[PDB]
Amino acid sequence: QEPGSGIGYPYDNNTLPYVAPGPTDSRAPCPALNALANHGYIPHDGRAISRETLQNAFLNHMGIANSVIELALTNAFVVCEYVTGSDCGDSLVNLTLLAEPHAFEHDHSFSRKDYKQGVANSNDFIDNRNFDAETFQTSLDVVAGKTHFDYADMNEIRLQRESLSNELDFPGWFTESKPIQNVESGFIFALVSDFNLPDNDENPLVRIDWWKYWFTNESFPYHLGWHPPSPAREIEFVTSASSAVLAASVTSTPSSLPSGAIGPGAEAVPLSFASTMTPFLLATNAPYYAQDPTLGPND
């Protein structure tokens, strides 16, 4: 928000306004990075981003501590080197390369289509990077009519998304990614679980309106009473939430789940790519921004 608005106070005392990305700006498949770039907490053009810039942006403007993004930072730079063909050092070339498929970006996302979702031919690919309202609706439908949801609900959400993607993706494309997705499940609980409820750290409940605002708008739901978590969320909360999602009992089992979908997931570890492997072509679409309505500087 505008610095003088005081909208983030006393949780964030140095805010910057929302600015929609222009056609030439680089955006990510990540709603968090996109919100940060939209505010200029990382570069608005989404290019040339250092680890510390990311660490500070997450800590000071989203209440996400450094520990939470340690592996994500490692993996971002691994993917940068893979996509560009050379070491990116401490300047992430852009946000868009993070949408390299079957890498950090993965199938059965909550709010993005898959790289080969619904394509008529095998060489074809689509926008697996920008927010897709329809896909996100498929996630929200699982918790229709509710204001909050828990770990068991999130487990049902990710299962529905796995089922849908496995059915709709070009044959042979779909590749399950429980470890990465469920870190991201933990991230959702970390950012938009309802810290105003008395037992948030034991049984955190996601506020659906906060989640929808963050994902659809790629900006922060201050207008709905959100603020950065204080103290900042740490990695233990995230991986604990990730484990709890996967441990939750399934009351409705969708068809066409990949083998082993139900049950615990592997711990996320650093990505690695063969020096011989050429990266998949990145989707080239202009960055998404909200238009129904468009956002002002304080939204």
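All residue numbers are counted from 1 along the displayed sequence.
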Selected stretch [higher average CA B-factor]: 169-177 or 205-213: 169-177
Higher-scoring stretch by recorded Cα B factor average, 130-138 or 194-202: 194-202
Criterion, highest CA B-factor; candidates, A261, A57, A241, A37: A261
Which of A266, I64, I49, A28 ranks first by CA B-factor in the deposited coordinates: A266
Cα B factor band for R112 (lowest, middle or highest third within the chain): lowest
Chain third (lowest, middle, highest) by recorded CA B-factor, residue given as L257: highest
Ranked C-alpha temperature factor of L246 among modelled chain residues, by third: middle
Chain-wide C-alpha B factor ranking for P228, given as lowest, middle or highest third: middle
Ranked against its chain, the third holding the CA B-factor of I235: middle
